[PDB]
4 protein chains.
Amino acid sequence: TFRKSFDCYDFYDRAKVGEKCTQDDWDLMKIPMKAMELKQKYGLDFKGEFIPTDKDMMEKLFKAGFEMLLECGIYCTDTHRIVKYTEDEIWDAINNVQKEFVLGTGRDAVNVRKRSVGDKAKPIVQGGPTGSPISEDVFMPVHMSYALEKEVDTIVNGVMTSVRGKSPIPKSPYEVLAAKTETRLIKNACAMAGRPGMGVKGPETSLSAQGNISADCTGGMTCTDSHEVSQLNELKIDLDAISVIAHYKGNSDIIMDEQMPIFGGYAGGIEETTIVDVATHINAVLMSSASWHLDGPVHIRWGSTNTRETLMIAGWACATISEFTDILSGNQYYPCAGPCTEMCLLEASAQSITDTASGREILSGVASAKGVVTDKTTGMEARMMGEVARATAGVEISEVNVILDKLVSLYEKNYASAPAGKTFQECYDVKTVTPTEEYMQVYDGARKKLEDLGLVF
Amino acid sequence: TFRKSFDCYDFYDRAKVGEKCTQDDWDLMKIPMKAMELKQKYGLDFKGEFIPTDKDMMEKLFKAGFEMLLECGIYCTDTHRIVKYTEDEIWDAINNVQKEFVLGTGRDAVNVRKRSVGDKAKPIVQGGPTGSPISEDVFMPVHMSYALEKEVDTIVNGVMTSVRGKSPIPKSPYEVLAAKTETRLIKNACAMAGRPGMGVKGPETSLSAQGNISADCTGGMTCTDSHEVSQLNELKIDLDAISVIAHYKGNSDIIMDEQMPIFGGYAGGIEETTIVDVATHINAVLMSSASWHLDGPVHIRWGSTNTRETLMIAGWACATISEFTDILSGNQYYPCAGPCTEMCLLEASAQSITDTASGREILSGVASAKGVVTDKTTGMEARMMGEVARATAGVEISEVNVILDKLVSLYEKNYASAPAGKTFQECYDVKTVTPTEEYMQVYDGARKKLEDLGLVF
Amino acid sequence: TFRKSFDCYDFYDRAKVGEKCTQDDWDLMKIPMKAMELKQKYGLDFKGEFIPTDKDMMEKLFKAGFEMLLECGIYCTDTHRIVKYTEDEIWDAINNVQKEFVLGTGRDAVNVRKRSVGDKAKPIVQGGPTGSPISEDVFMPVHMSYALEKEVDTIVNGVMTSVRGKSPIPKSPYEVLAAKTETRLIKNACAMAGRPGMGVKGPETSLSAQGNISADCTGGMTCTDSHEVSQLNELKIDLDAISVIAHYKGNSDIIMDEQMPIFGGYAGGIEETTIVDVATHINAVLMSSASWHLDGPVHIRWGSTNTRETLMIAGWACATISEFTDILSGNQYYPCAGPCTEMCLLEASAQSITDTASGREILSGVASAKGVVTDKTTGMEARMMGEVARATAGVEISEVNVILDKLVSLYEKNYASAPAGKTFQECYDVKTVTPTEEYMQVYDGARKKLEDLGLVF
Amino acid sequence: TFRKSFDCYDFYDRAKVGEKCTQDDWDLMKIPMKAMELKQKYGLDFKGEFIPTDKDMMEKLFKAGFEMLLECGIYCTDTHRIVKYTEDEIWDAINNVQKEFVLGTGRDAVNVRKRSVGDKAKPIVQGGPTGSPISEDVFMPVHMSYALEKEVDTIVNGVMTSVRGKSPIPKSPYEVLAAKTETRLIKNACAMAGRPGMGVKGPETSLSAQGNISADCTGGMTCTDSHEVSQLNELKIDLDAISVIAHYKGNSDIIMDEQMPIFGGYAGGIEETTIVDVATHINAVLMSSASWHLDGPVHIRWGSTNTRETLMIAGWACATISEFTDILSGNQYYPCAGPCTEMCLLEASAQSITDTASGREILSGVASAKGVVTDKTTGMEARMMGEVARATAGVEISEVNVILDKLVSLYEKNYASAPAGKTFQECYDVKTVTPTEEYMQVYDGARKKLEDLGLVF
């Protein structure tokens, strides 16, 4: 049996005396070799399916992901050493995960409970800029565009490009100011939308450990909000994250561990990246004591989470995690196209269909324009994400796979030419925080194509 | 119909003018006669089963327990008079019980919902010294050994042998100090384990009414913790408990009514003691306005809750209570053997199997070494209790009965020679609060025997 | 030097092993002998003055009271043993007393700061039934009659004759219910008067330790209210009080230690009783860790706090305590006459003049009709107490002594024939909680006589 | 006029583009040159006085300190650049300082208000290990030894040598755990002493920005506690402190800026170091937005704050700051001798006399054995600090200067041979947290010598 349930403290201890290893030995050898070995050993083959129906194949994928974590361990970038877990420690973590939890407060609070593959229940819709850069002068209006949407249940924070006219440079006092201010302003926006108790997810503007740790404050982030900590690529972590985890745990905060496995990255192809994905879902409740895990398979070239391959990775990982564990999870949205374009909505829709049908409990989006273009995210994308989730809930998996194949085909040939889209200020009346007729017409066009594919709203 | 829903206030009123009766007339005549009468009248025969599968027999047991409470009433030790209930008053109490509740706060809070016989859902694991005496200098470390275990959901408080170097003598200021300090230190320990919001159960160190009533305080016990009140043996109560109940109700506290029916006691044998047990489960929500009831059948000679007979009593009582009512309940653990011994773990395992399969919502343990030996309780026993609970959940009852018969046989011949075991300081590294390799090896040995019996972890 | 600052815990320790002694040896020998000895040793002679102007005599009185406490100690009724203090322990207590504190919350909160003899500042006016019995059906209206008076700053709780139609018998669940309900209803009354945050003083209905300890609750008593603990007569205490003190301290509650030295009691005459009074003021911050001390010299025969002798005792004790220490204090009002009578108002006025001029920080009244007649207390008496306090503040002490001599002469010949007075229901319109024209006319008559004596309102 | 009131944000801005300069140019040239220049320019000469009575000389010292800050500015170690203030910005800071504040909560809260030179009012006594290393197993008992002393008003935290048996290494998760746990355990200790609402000062165990920032938490540090930030030597600061300041301000926390000017350091001698001291007191409310400033002149060789020179520095700086500003301040205690020795008590007494008479509002001690020896700090030293403060309050300054000269002479020849002293475990009964007769006798001996010098307790 194990000595004690594993936590961030044990991780630090082991990271100091673990096996020495270069980061290249890890990224270019250990990880890719194990993923390759396990894929063949377990004969993993997704056969073009977005969401699995072959339970035998799913079980093999689960065992592969578990074995990957067990045999490889986790690389600590700061100490350049490997942290190894024992089989019993991993099972202790998997067998004792958070069953459910509440986000937000008062009338606006929502319950997050497990969803199975093809579940009739709708997932939680977490809408917001999704970590994208937002101008300070429209920080509240932009987030208000999500709170005003009944489709949205909780908010995923955007990033303040400036606070008091200055960049929130890491380790500067401005970073601390932004970490606290970020959620204070966002909750203020939610209140103006008549939903003062909406739960949020962050802190996003802060990047350093001290920055993230300063986010919990009166009027700001509290224990009923999801607190983010990010794992690195792949099966890797920095000590900054370890200290942040200790802080979240010390404040009884709901913890959201995230990881974005890269398709075509250090792990390799689809099955390989999915093996890593399953391993990081497990690592989330082991290393980070996570309440839930946020996935986000991303294409090494396109940088989107909704390419055919990344959707398959998320679909198999979630269906498998949902089938063999009680780990709560979600997925983040990164379309290529920008707001106010049909492609953006179709890209997000494909992922919403995949995430909903595969069993995700939370949908966190949408980081339109790949989430790197200032002010290019609006509530309209979250609305589509939500309506599509409802339309997908309860639909037979065989049907879903057919719809996805057809839908993804509608845009997968245009990644390089994805439309830039428009900023919030361009497709919304900023003063009343209402979308323009232009956006409403684009929305209808996308919705129609989805209906023509078989989706019933 | 009844005049008003019965409560502690009505009890006091009636206890002052009820039928006069000596305590001997109650213990040596009224109770044993009724139990004997009802057993024969309803032809109760458990036929060696730990957990019942005969619903007809179960229904007769329910009617017997109900009738026992109705015809006998409750003896008030202070006034030496009997309190009688009407049939309608009893039904009003049974028909309006607490459906579910939350223990703890923040990320660490857990939902307590009803479980049926053989339920796939795992019961809540409440781990701690279980009222056993703990040295002041290791009060926090000892409780931390439970909080550090992911298997443990809530804490059951231990007793402070001293506070500020003095014995918490009943009705002395030290008792008040201990009542408040007890939970303050324990929650402090939980926080050090990264789980500041863990719910607890107490107050344990206090014995007087004033002592228990002083326990609710800032940083200490609050409404999200289980508040204990104990019924006496058998179908008996003191006025001190009545006043404590009034206090808990007045503070909107979750109330845990407890009673430990004695096998071979005033009631008689197995079926007789079980009739009394069912009656006290019902009395819990009637007299004490309990949120949930903690059972604990104990062998008159061995003083353990896991002997073949006490397990059968708990199993039938819970299965029956679960089948015919919505009363939430739990059971407490009192093994003969001490910590760091295989017998202790096997004893606790047998009860965990019984409690889980019979439908208990909460497992509260483990009071190793019969809970009377200073510092002889550690989180390792709670870990086993929890892992065994998971292994048992969902297993066919017929299988469970077979496993129990075999398991209990492994130690029921060694009660008189049960190993003393070791203290927390002896089987744990006190500084890091980690079990020694010695304990880990003992644990593995016990686990293996359980697996050989058919349990799948 | 001392081992540790003395507290209730040290008291318990010593009370168990102190010098054995009968209560008669204490009351009929030790106390009266020491008081007699000290009076002569220090040549104490108040020479008919209500409030002292002879600082040399005052200093001798202080030394006498200190010496009384030091040489006699405190008798513990439960253990029949004497607790002795060392000189250093007493000084440690006197040199570190609470400087000031806030009562109540929000807009209604008031600051309690030290007042000197003849201080221009007005004392805090604490009005209420002052522990007198009040019928359940008018509990809120009666207290509302005090909250509606701007003269009243805080409330001193009355006693519920019944709760839910039953007597709050000590150690019965009804006592606990009343302890919590008492303040909940009173604060409710204050809120109806537009002053929801008014501080109160209690718990009064409860008499047992468990009863008093249950009073702190949501909506009820909190840390910003004065918590009562009573010393016995004379230089005596019971263990129940010791445990209650531990509770108050454990909840960070403002503590009000009270003692009513009896003129003509075990101590003897005026100077003797005053020596005891000074000793109990000191004992308040030593044994009870009091935030402030409530005095109340009472005539052995008349049972009033405003007889010529009891006024002199309070006046000298307070002036002396105010001159040589920073101990915050107050005095309670017990007139012979009932409400709606001129005598009652004049009796309370004499004490208000004495208390204000002698340096009391808090005036707590009025327990009209000696506080033992159901419903015979109204806000009108508190109004007079307050207006008289303002009129007295800043007046030369020589003048005050002249006024008191004349005022007390107006009623000191009618103690045996003091008018019974009327109940709240008789001199107030219960529905609107307004005094009748009858009371208003009686009030004017009393006020006029006070003005004729030289008081300027 | 100034652009905006200066804050940590403006500091960061300027620190990035200020005048480049090596740290040697700052420490070995700019600072010593200006201090030397100003001393001569203003003809500063303290003429052997500990506390000044020459207001003309005091005013010149104030102008010198102000000018030092204005002409030199502050060196930022991270950017190796100088931050310059304008005269108007400095005045804006000095003219708008925090007037008073409350530390702690409930009955245990205390008001901190300005004290003048020779003030009759006693300063606040902040007692604790004063940042010294304390073994984990006695962390609560040690702090309890201060809370049990009525002389102590607030607590100054000690440092945890380990948490959960591990060193709280900077930037490790253990540092975060310790930062939160530190105050949680200390407040727990205060509660056990019957004073749950005592205010504290920290966080001490944490050294990194992320560590300190994690200290605010439920059950731990809150806005009513003093939050520490340290300035460097001399007129220097690191960006870590700047970010911590932003955090404290963002949480509405009471801020305590500290600085320990070194006698014989970069500034030079007595007058020179005092000029720097005055400049850092001013910088405290400018750069750190401090609520109050903690001084601590330390001897470059002896490492104590109570040598003849360091006492003179503190005395002149405080008297001058008290005379010309409303800046609230305190001083920290670092004696050479260890606990349970007469020298330690005499050393602390000399500083208490100096601090009290010179106008300090808060006395924070005692870091016995120079605060670097594990477990060598006890409440007995704080008791002496407090009693001496009371004895000094109100005494004529001329008298105080005479007493100090005589007292310091009693030990200033034994710095090199200062007695090591004993640990808490050696001079206290750890179980009951009471000093041994040995310590009590040592205490009496020191007290007697103080009385022989003219101090009246």
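Below, read A as the first sequence line, B as the second, and so on, with proteins coming before strands; counting in each chain starts at 1.
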Modelled atom types, side-chain donor and acceptor of A:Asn212 and A:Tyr248, under 3.5 Å: no
Consider side-chain hydrogen bond (donor to acceptor under 3.5 Å, both in side chains). Of A:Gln23, A:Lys30, A:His80, A:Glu234, which one does A:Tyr75 pass it with? A:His80
Candidates A:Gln332, A:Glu258, A:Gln126 - the one meeting side-chain hydrogen bond (donor to acceptor under 3.5 Å, both in side chains) with A:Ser364: A:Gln126
Between A:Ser208 and A:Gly211 (side chain of the first, backbone of the second, donor and acceptor by atom type, cut-off under 3.5 Å), is there such a pair? yes
A:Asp7 side chain vs A:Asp10 backbone, donor-acceptor pair below 3.5 Å: yes
May I ask you to decide if A:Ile353's main-chain N or O and A:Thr356's side chain share a donor-acceptor pair within less than 3.5 Å? no
Among A:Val276, A:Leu38, A:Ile31, A:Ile82, exactly one meets side-chain contact (heavy atoms from CB on, under 4.5 Å) together with A:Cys72. Which residue is that? A:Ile31
Minimum side-chain heavy-atom gap A:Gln231-A:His293 below 4.5 Å: yes
Verify side chain to side chain contact (heavy atoms under 4.5 Å, CB included) between A:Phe263 and A:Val298, making sure each step is shown before the conclusion. CA-CA 6 Å; A:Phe263 163 66; A:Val298 61; over 6 Å; no
Thinking salt bridges, do A:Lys99 and A:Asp326 make one under a 4.0 Å N-O criterion? yes
Should the pair A:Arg383 and A:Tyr443 be classed as cation-pi, given the thresholds of under 6.0 Å to the six-membered ring centre and 45° from the axis? yes
A:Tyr266: what forms a ring-ring contact (aromatic ring centres under 6.0 Å, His included) with it, not counting sequence neighbours? none
Give a yes or no answer on whether the side chain of A:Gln441 reaches the backbone of A:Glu438 with a donor-acceptor pair at less than 3.5 Å. no
Salt bridge flag under 4.0 Å for residues A:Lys122 and A:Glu361: no
Minimum heavy-atom distance A:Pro297-A:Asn331, with the two atoms named: CD-OD1, 3.7 Å
Thinking salt bridges, do A:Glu151 and A:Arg390 make one under a 4.0 Å N-O criterion? yes
Would you say A:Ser226's side chain and A:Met256's backbone share a donor-acceptor pair under 3.5 angstrom? no
Less than 4.0 Å between a side-chain N and a carboxylate O, is that true for A:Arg308 and A:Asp405? yes
Please confirm whether the backbone N or O of A:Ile255 pairs with a side-chain atom of A:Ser291, one donor and one acceptor, at under 3.5 Å? yes
Minimum heavy-atom separation for D:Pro173 to A:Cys8, with atom names? CG-O, 3.9 Å
Is the shortest side-chain N to carboxylate O distance from A:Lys39 to A:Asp45 below 4.0 Å? no
For the pair A:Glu323 and A:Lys60, find out whether any cationic side-chain nitrogen is under 4.0 Å from an anionic carboxylate oxygen. no
Does any N or O in the side chain of A:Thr280 come within less than 3.5 Å of the main-chain N or O of A:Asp277, such that one atom is a donor and the other an acceptor? yes
Donor-acceptor pair, side chain of A:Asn306 and main chain of A:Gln351, under 3.5 angstrom: no
Does a side-chain N-to-carboxylate-O contact under 4.0 Å join A:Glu100 and A:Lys114? no
Donor-acceptor check, side chain of A:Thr341 to backbone of A:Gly338, threshold 3.5 angstrom: yes or no? yes
Between the main-chain N or O of A:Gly18 and the side-chain N or O of A:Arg81, is there a donor-acceptor pair closer than 3.5 Å? yes
Check A:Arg360 with A:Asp295, please: is the shortest side-chain N to carboxylate O separation under 4.0 Å? yes
List for me each residue that meets side chain to side chain donor-acceptor pair (under 3.5 Å) alongside A:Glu451, sequence neighbours excluded, and say none if there are none. A:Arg447
List the steps and the verdict of side chain to side chain contact (heavy atoms under 4.5 Å, CB included) for A:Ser304 and A:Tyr415. CA-CA 9 Å; A:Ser304 171; A:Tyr415 292 139; 5.6 Å; no
Would A:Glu182 and A:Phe139 count as a side chain to side chain contact (heavy atoms under 4.5 Å, CB included) here? Give the steps. CA-CA 9 Å; A:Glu182 181 184 281; A:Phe139 206 67; 4.1 Å; yes
Show your working on salt bridge (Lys or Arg N to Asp or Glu O under 4.0 Å) between A:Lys236 and A:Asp27 and close with a plain yes or no. CA-CA 9 Å; A:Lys236 185 184 301 171; A:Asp27 305 335; 2.8 Å; yes
On the 0 to 90° scale, with breaks at 30° and 60°, tag the A:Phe62-A:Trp91 ring pair as parallel, tilted or perpendicular. tilted
Under a 4.0 Å N-O cut-off, is there an ion pair linking A:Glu71 with A:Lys84? no
Please tabulate, one pair per line, all N/O donor-acceptor pairs under 3.5 Å involving side-chain atoms of residues 311-322 of chain A, not counting sequence neighbours.
unit_1	atom_1	unit_2	atom_2	d
A:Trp316	NE1	A:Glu49	O	2.9
A:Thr320	OG1	A:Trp316	O	2.7
A:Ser322	OG	A:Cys318	O	2.7

